[PDB]
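A.B. asks: Following this line is start_31.cif, made up of mmCIF, C-alpha atoms:
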data_upload
loop_
_atom_site.label_atom_id
_atom_site.label_comp_id
_atom_site.auth_asym_id
_atom_site.auth_seq_id
_atom_site.Cartn_x
_atom_site.Cartn_y
_atom_site.Cartn_z
CA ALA A 1 0.00 0.00 0.00
CA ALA A 2 1.05 3.60 -0.65
CA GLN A 3 -0.04 6.71 1.27
CA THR A 4 0.80 9.80 -0.74
CA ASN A 5 1.71 13.10 0.90
CA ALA A 6 2.41 11.32 4.16
CA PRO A 7 4.12 12.94 7.15
CA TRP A 8 7.86 12.84 6.56
CA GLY A 9 8.48 10.37 9.38
CA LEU A 10 6.14 7.76 7.93
CA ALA A 11 7.80 8.14 4.53
CA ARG A 12 11.20 7.88 6.24
CA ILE A 13 10.46 4.58 7.97
CA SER A 14 9.65 2.92 4.63
CA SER A 15 12.57 4.42 2.69
CA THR A 16 16.27 3.81 2.18
CA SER A 17 16.67 7.58 1.61
CA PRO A 18 15.49 10.83 3.19
CA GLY A 19 13.54 13.36 1.19
CA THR A 20 10.51 11.38 0.01
CA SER A 21 6.87 11.84 0.98
CA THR A 22 5.04 8.55 0.28
CA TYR A 23 4.65 5.89 3.00
CA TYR A 24 4.74 2.28 1.75
CA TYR A 25 3.54 -0.58 3.94
CA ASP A 26 1.89 -3.99 3.85
CA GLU A 27 -1.90 -3.63 3.92
CA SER A 28 -2.15 -5.90 6.99
CA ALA A 29 -1.25 -2.65 8.80
CA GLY A 30 -0.93 -4.11 12.31
CA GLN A 31 -4.38 -5.72 12.27
CA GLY A 32 -4.72 -8.12 15.19
CA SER A 33 -2.01 -6.41 17.27
CA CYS A 34 -2.50 -4.05 20.19
CA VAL A 35 -0.51 -1.01 21.33
CA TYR A 36 -0.84 0.49 24.79
CA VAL A 37 -0.05 4.21 24.91
CA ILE A 38 0.97 4.98 28.50
CA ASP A 39 0.70 8.75 28.65
CA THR A 40 -1.77 11.63 29.21
CA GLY A 41 -4.64 9.65 27.65
CA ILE A 42 -6.08 9.42 24.14
CA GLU A 43 -8.95 11.37 22.59
CA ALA A 44 -10.52 8.18 21.30
CA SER A 45 -13.37 10.07 19.59
CA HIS A 46 -10.94 11.65 17.11
CA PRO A 47 -12.08 10.64 13.59
CA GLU A 48 -8.47 9.66 12.88
CA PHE A 49 -8.75 6.66 15.23
CA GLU A 50 -11.80 5.17 13.46
CA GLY A 51 -13.14 3.49 16.60
CA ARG A 52 -9.88 1.56 17.13
CA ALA A 53 -8.81 3.57 20.20
CA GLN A 54 -10.15 3.30 23.73
CA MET A 55 -9.16 4.36 27.22
CA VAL A 56 -8.71 1.38 29.53
CA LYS A 57 -7.26 2.95 32.70
CA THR A 58 -6.71 6.27 34.43
CA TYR A 59 -5.25 7.25 37.80
CA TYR A 60 -6.92 10.71 37.74
CA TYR A 61 -10.42 12.23 37.79
CA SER A 62 -10.86 11.63 34.05
CA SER A 63 -9.52 9.29 31.41
CA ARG A 64 -9.73 12.10 28.86
CA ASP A 65 -6.56 13.60 27.41
CA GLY A 66 -6.66 17.22 28.57
CA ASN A 67 -3.11 17.82 27.29
CA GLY A 68 -2.72 16.45 23.75
CA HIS A 69 0.62 14.66 24.17
CA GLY A 70 -0.87 11.17 24.51
CA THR A 71 -3.26 11.76 21.61
CA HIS A 72 -0.34 12.85 19.41
CA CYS A 73 1.72 9.78 20.33
CA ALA A 74 -1.27 7.47 19.78
CA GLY A 75 -1.80 9.09 16.38
CA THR A 76 1.76 8.27 15.34
CA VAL A 77 1.26 4.64 16.42
CA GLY A 78 -2.03 4.03 14.72
CA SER A 79 -4.11 6.87 13.27
CA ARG A 80 -5.40 6.48 9.72
CA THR A 81 -3.37 9.41 8.31
CA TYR A 82 -0.56 9.93 10.82
CA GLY A 83 0.05 6.37 12.01
CA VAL A 84 2.56 3.63 11.27
CA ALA A 85 0.21 0.70 12.05
CA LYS A 86 -3.08 1.94 10.66
CA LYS A 87 -5.21 -1.06 11.73
CA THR A 88 -3.82 -1.74 15.22
CA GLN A 89 -5.96 -1.52 18.34
CA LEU A 90 -4.95 1.35 20.64
CA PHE A 91 -5.38 1.21 24.44
CA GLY A 92 -4.83 4.32 26.54
CA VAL A 93 -3.44 4.22 30.08
CA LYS A 94 -3.44 7.69 31.67
CA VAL A 95 -0.47 7.82 34.05
CA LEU A 96 0.27 11.50 33.32
CA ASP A 97 -1.97 14.37 34.37
CA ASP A 98 -3.19 17.07 32.01
CA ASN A 99 -0.02 19.08 32.64
CA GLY A 100 1.97 16.09 31.36
CA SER A 101 3.37 15.15 34.79
CA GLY A 102 3.16 11.94 36.79
CA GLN A 103 4.60 10.36 39.89
CA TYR A 104 6.89 7.39 39.38
CA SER A 105 4.64 5.29 41.65
CA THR A 106 1.72 5.91 39.27
CA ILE A 107 3.84 5.20 36.19
CA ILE A 108 5.02 1.90 37.73
CA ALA A 109 1.43 0.93 38.53
CA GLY A 110 0.48 1.69 34.92
CA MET A 111 3.20 -0.59 33.57
CA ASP A 112 2.17 -3.46 35.83
CA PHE A 113 -1.42 -2.76 34.79
CA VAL A 114 -0.56 -3.32 31.12
CA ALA A 115 1.32 -6.54 31.88
CA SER A 116 -1.90 -7.94 33.36
CA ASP A 117 -4.51 -6.13 31.28
CA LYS A 118 -3.26 -7.59 28.01
CA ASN A 119 -4.81 -10.86 29.23
CA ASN A 120 -8.19 -9.10 29.02
CA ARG A 121 -7.71 -8.07 25.38
CA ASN A 122 -7.67 -9.80 22.00
CA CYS A 123 -4.21 -9.31 20.49
CA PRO A 124 -3.45 -12.51 18.56
CA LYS A 125 -0.56 -10.88 16.69
CA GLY A 126 1.06 -9.47 19.84
CA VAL A 127 1.21 -6.58 22.27
CA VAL A 128 3.32 -3.40 22.32
CA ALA A 129 3.60 -0.60 24.88
CA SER A 130 4.74 2.93 23.99
CA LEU A 131 6.19 5.02 26.84
CA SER A 132 6.87 8.61 25.75
CA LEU A 133 7.83 9.64 29.28
CA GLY A 134 10.67 9.56 31.75
CA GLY A 135 12.67 11.28 34.43
CA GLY A 136 15.84 10.74 36.42
CA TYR A 137 17.33 7.31 37.05
CA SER A 138 15.17 4.98 39.15
CA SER A 139 15.88 1.28 39.57
CA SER A 140 12.21 0.72 40.45
CA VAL A 141 11.01 2.39 37.24
CA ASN A 142 13.52 0.38 35.20
CA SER A 143 12.43 -2.84 36.92
CA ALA A 144 8.78 -2.12 36.10
CA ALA A 145 9.66 -1.64 32.43
CA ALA A 146 11.67 -4.87 32.55
CA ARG A 147 8.70 -6.75 34.03
CA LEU A 148 6.38 -5.40 31.34
CA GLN A 149 8.81 -6.56 28.65
CA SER A 150 9.31 -9.96 30.33
CA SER A 151 5.53 -10.48 30.44
CA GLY A 152 5.38 -10.57 26.63
CA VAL A 153 5.00 -6.90 25.64
CA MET A 154 7.31 -5.09 23.23
CA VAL A 155 8.26 -2.05 25.34
CA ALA A 156 9.44 1.07 23.48
CA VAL A 157 10.59 4.02 25.61
CA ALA A 158 11.76 7.55 24.84
CA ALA A 159 15.47 8.23 25.28
CA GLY A 160 14.74 11.71 26.64
CA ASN A 161 15.21 15.29 25.44
CA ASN A 162 18.25 16.47 27.42
CA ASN A 163 20.97 16.13 24.74
CA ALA A 164 22.66 13.92 27.32
CA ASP A 165 23.56 10.31 27.97
CA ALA A 166 20.33 8.36 28.49
CA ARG A 167 22.05 6.16 31.12
CA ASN A 168 20.90 8.75 33.70
CA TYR A 169 17.19 8.59 32.84
CA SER A 170 14.41 6.06 33.39
CA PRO A 171 12.92 4.01 31.88
CA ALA A 172 15.35 4.96 29.05
CA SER A 173 18.28 3.31 30.84
CA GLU A 174 16.63 -0.11 31.29
CA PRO A 175 18.68 -2.49 29.09
CA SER A 176 15.89 -4.96 28.30
CA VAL A 177 13.47 -2.48 26.66
CA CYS A 178 13.78 -0.63 23.34
CA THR A 179 15.17 2.87 23.95
CA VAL A 180 14.41 5.28 21.10
CA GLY A 181 16.34 8.40 20.07
CA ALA A 182 15.08 11.07 17.67
CA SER A 183 16.16 12.18 14.19
CA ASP A 184 15.09 14.93 11.79
CA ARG A 185 14.00 14.98 8.15
CA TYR A 186 17.60 15.48 6.97
CA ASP A 187 18.83 12.40 8.86
CA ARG A 188 20.47 14.45 11.61
CA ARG A 189 20.27 13.52 15.26
CA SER A 190 17.57 15.76 16.70
CA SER A 191 19.14 18.64 18.62
CA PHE A 192 17.50 17.60 21.91
CA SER A 193 17.83 13.82 21.57
CA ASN A 194 19.58 11.90 24.29
CA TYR A 195 22.28 9.46 23.19
CA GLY A 196 24.51 6.76 24.64
CA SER A 197 25.09 3.02 24.62
CA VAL A 198 21.63 2.34 26.08
CA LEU A 199 19.90 3.53 22.90
CA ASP A 200 18.72 0.75 20.60
CA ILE A 201 17.33 2.70 17.64
CA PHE A 202 16.42 6.13 16.27
CA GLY A 203 13.09 7.18 14.83
CA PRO A 204 11.64 10.38 13.37
CA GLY A 205 11.24 12.93 16.15
CA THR A 206 11.61 16.51 14.82
CA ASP A 207 8.52 18.24 13.37
CA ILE A 208 6.13 15.28 13.53
CA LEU A 209 2.54 15.89 12.43
CA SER A 210 -0.09 13.87 14.28
CA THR A 211 -3.47 14.03 16.00
CA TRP A 212 -4.27 16.49 18.80
CA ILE A 213 -7.16 17.05 21.17
CA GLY A 214 -10.26 18.86 20.01
CA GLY A 215 -10.30 16.75 16.85
CA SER A 216 -7.27 18.65 15.55
CA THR A 217 -3.70 18.05 14.37
CA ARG A 218 -0.32 19.64 15.00
CA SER A 219 3.39 19.16 14.50
CA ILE A 220 5.63 18.85 17.59
CA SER A 221 9.08 17.46 18.36
CA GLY A 222 10.63 15.10 20.89
CA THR A 223 11.88 11.64 21.60
CA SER A 224 8.22 11.25 22.63
CA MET A 225 7.42 11.43 18.89
CA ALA A 226 10.13 8.98 17.82
CA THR A 227 9.03 6.32 20.32
CA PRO A 228 5.55 5.70 18.81
CA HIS A 229 7.08 5.32 15.34
CA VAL A 230 9.04 2.37 16.74
CA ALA A 231 6.06 1.04 18.73
CA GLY A 232 3.86 1.15 15.64
CA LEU A 233 6.63 -0.44 13.57
CA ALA A 234 6.88 -3.31 16.08
CA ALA A 235 3.11 -3.89 15.95
CA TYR A 236 3.23 -3.86 12.14
CA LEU A 237 6.12 -6.36 12.00
CA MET A 238 4.49 -8.64 14.60
CA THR A 239 1.29 -8.72 12.54
CA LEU A 240 3.42 -9.76 9.55
CA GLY A 241 4.83 -12.61 11.66
CA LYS A 242 8.40 -11.39 11.16
CA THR A 243 9.20 -11.01 14.87
CA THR A 244 7.78 -11.32 18.40
CA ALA A 245 7.44 -9.02 21.40
CA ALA A 246 10.61 -10.47 22.95
CA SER A 247 12.67 -10.13 19.76
CA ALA A 248 11.23 -7.08 17.98
CA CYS A 249 13.69 -4.47 19.26
CA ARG A 250 16.61 -6.61 18.11
CA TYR A 251 14.86 -7.30 14.79
CA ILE A 252 14.27 -3.59 14.21
CA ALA A 253 17.96 -2.95 14.93
CA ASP A 254 18.95 -5.86 12.62
CA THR A 255 16.90 -4.45 9.76
CA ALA A 256 17.47 -0.72 10.35
CA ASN A 257 19.06 1.72 7.95
CA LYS A 258 22.66 1.76 9.17
CA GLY A 259 25.21 4.56 9.27
CA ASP A 260 22.94 7.16 7.68
CA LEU A 261 22.46 9.63 10.56
CA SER A 262 24.72 12.59 11.27
CA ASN A 263 25.88 13.89 14.66
CA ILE A 264 25.68 10.46 16.29
CA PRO A 265 28.21 10.49 19.17
CA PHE A 266 30.91 7.85 19.12
CA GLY A 267 29.54 4.83 20.98
CA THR A 268 25.85 5.42 20.14
CA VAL A 269 24.19 3.21 17.53
CA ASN A 270 23.72 4.73 14.08
CA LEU A 271 20.49 2.88 13.29
CA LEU A 272 17.26 4.33 11.89
CA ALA A 273 14.01 2.37 12.09
CA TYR A 274 13.00 0.90 8.72
CA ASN A 275 10.13 -1.39 7.72
CA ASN A 276 11.99 -3.06 4.80
CA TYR A 277 8.72 -3.17 2.88
CA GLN A 278 9.09 -4.15 -0.78
CA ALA A 279 6.05 -2.87 -2.67
#
Go through the file and emit its structure as structure tokens.

C.D. replies:
Amino acid sequence: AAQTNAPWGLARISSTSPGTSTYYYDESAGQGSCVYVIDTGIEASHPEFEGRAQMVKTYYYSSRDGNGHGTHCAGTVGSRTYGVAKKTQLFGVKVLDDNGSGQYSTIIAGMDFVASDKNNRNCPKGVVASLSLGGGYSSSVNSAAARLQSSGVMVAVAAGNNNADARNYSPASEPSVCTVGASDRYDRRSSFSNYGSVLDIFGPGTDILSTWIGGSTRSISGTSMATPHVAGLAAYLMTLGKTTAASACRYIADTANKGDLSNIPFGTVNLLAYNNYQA
């Protein structure tokens, strides 16, 4: 399948070169997979989600996304126009308040929630969790992400936006999950992207158009935007049967575009997420 005039990041993940604008992908499109977006919530009524999104848990007075961040990330995973995996099922877990903040204890509870809640959902092709959040190093936060991964969920986490080594941030620094840095449309490391040996992969993160609250759209930047590209890619590849939740991060690294990014510090992987789709 071909989506013309796609957001640059979608075109990038199906291309061996920057500078194109059509997204190519297998029409299975993540059908039968599920992606949990652990964030500020999801505006499930947005026409872009087509009834495939739902809130399943909140720790606050509402499950609605009063911020936009979680809706944007969910749109990059799975919206019809802005999403990588256009037929996946999206489940929102609101661990962040409408200012975008959350206590680590709540975030940990949300991760353990997903590890159990997947057993209440129909995801025959597999389960992914997208975590566009983080703060300073916490062994307890890292352990929660490790448990979620161990339970059979492909965990993708943001590297962080400090232009610093991600070893000092959580859950970015957890070795067993997929830690995602950000790149721009010219294949440069995004100016804010964290780096370091703990990164597994880069995805598009600068000037990413996606869904927003109020039935709208906007372009924003962050490792928060790169992470759902990778989460959606994992769901798409799992639906194709090419990999599993336990092996998808490594598979994405195996099949990435290699050595094409600029300003990658010595010792950080130079790997850009790529779907290897042959139309």

A.B. asks: For region 263-267 of chain A, work out the shell of residues within 12 Å, counting all atoms listed in the file and skipping chain neighbours fewer than 4 positions away, then give it as a PDB file with C-alpha atoms, keeping the file's coordinate frame.

C.D. replies:
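Once written, result_7.pdb looks like this:
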ATOM      1  CA  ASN A 163      20.970  16.130  24.740  1.00  0.00           C
ATOM      2  CA  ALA A 164      22.660  13.920  27.320  1.00  0.00           C
ATOM      3  CA  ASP A 165      23.560  10.310  27.970  1.00  0.00           C
ATOM      4  CA  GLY A 181      16.340   8.400  20.070  1.00  0.00           C
ATOM      5  CA  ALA A 182      15.080  11.070  17.670  1.00  0.00           C
ATOM      6  CA  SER A 183      16.160  12.180  14.190  1.00  0.00           C
ATOM      7  CA  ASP A 184      15.090  14.930  11.790  1.00  0.00           C
ATOM      8  CA  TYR A 186      17.600  15.480   6.970  1.00  0.00           C
ATOM      9  CA  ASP A 187      18.830  12.400   8.860  1.00  0.00           C
ATOM     10  CA  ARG A 188      20.470  14.450  11.610  1.00  0.00           C
ATOM     11  CA  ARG A 189      20.270  13.520  15.260  1.00  0.00           C
ATOM     12  CA  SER A 190      17.570  15.760  16.700  1.00  0.00           C
ATOM     13  CA  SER A 191      19.140  18.640  18.620  1.00  0.00           C
ATOM     14  CA  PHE A 192      17.500  17.600  21.910  1.00  0.00           C
ATOM     15  CA  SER A 193      17.830  13.820  21.570  1.00  0.00           C
ATOM     16  CA  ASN A 194      19.580  11.900  24.290  1.00  0.00           C
ATOM     17  CA  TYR A 195      22.280   9.460  23.190  1.00  0.00           C
ATOM     18  CA  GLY A 196      24.510   6.760  24.640  1.00  0.00           C
ATOM     19  CA  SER A 197      25.090   3.020  24.620  1.00  0.00           C
ATOM     20  CA  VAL A 198      21.630   2.340  26.080  1.00  0.00           C
ATOM     21  CA  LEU A 199      19.900   3.530  22.900  1.00  0.00           C
ATOM     22  CA  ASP A 200      18.720   0.750  20.600  1.00  0.00           C
ATOM     23  CA  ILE A 201      17.330   2.700  17.640  1.00  0.00           C
ATOM     24  CA  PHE A 202      16.420   6.130  16.270  1.00  0.00           C
ATOM     25  CA  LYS A 258      22.660   1.760   9.170  1.00  0.00           C
ATOM     26  CA  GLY A 259      25.210   4.560   9.270  1.00  0.00           C
ATOM     27  CA  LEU A 271      20.490   2.880  13.290  1.00  0.00           C
ATOM     28  CA  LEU A 272      17.260   4.330  11.890  1.00  0.00           C
TER      29      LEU A 272
END

A.B. asks: Written as a PyMOL selection string, what is the full residue list that the PyMOL selection byres ((chain A and resi 276) around 12) yields on the file shown?

C.D. replies: chain A and resi 11-16+23-26+233+236-237+240+242+251-257+272-275+277-279

A.B. asks: Residues within 10 Å of residue 207 (chain A), please, as a list in words. Count only C-alpha atoms; anything in the same chain fewer than 4 positions from it doesn't count.

C.D. replies: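 My list of contacting residues is residues 7, 8, 9, 183, 184, 185, 190, 218, 219, 220, 221, 222 and 225 of chain A.
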
A.B. asks: Show me, as a Markdown table, the residues of region 134-191 of chain A having an atom within 12 Å of region 61-84 of chain A, each with the closest atom pair and its distance in Å, using all atoms listed in the file.

C.D. replies:
| residue | atom | partner | partner_atom | distance |
| --- | --- | --- | --- | --- |
| A:156 | CA | A:77 | CA | 11.4 |
| A:157 | CA | A:73 | CA | 11.8 |
| A:158 | CA | A:73 | CA | 11.2 |

A.B. asks: Would you work out the distance separating CA of residue 168 (chain A) from CA of residue 208 (chain A), expressed in Å to one decimal?

C.D. replies: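 Going from CA of residue 168 (chain A) over to CA of residue 208 (chain A), I get 25.8 Å.
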
A.B. asks: For the structure provided, state which residues fall under the PyMOL selection byres ((chain A and resi 153) around 12), and present them as a ChimeraX atom specification.

C.D. replies: /A:33-36,111-119,123,125-130,145-152,154-156,176-178,231,234-235,238,244-249

A.B. asks: Which residue out of A:107, A:2, A:37, A:44 has the minimum interatomic distance to residue 211 (chain A) when all atoms listed in the file are used?

C.D. replies: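 When distances to residue 211 (chain A) are compared using all atoms listed in the file, the smallest one comes from A:44.
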
A.B. asks: List the spatial neighbours of residue 169 (chain A) as an mmCIF file with C-alpha atoms, in the coordinates of the input - criterion: any atom at most 9 Å away, only C-alpha atoms, same-chain residues fewer than 3 positions off excluded.

C.D. replies:
data_model
loop_
_atom_site.group_PDB
_atom_site.id
_atom_site.type_symbol
_atom_site.label_atom_id
_atom_site.label_comp_id
_atom_site.auth_asym_id
_atom_site.auth_seq_id
_atom_site.Cartn_x
_atom_site.Cartn_y
_atom_site.Cartn_z
ATOM 1 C CA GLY A 134 10.670 9.560 31.750
ATOM 2 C CA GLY A 135 12.670 11.280 34.430
ATOM 3 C CA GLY A 136 15.840 10.740 36.420
ATOM 4 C CA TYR A 137 17.330 7.310 37.050
ATOM 5 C CA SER A 138 15.170 4.980 39.150
ATOM 6 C CA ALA A 159 15.470 8.230 25.280
ATOM 7 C CA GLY A 160 14.740 11.710 26.640
ATOM 8 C CA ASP A 165 23.560 10.310 27.970
ATOM 9 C CA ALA A 166 20.330 8.360 28.490
ATOM 10 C CA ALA A 172 15.350 4.960 29.050
ATOM 11 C CA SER A 173 18.280 3.310 30.840
ATOM 12 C CA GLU A 174 16.630 -0.110 31.290
#
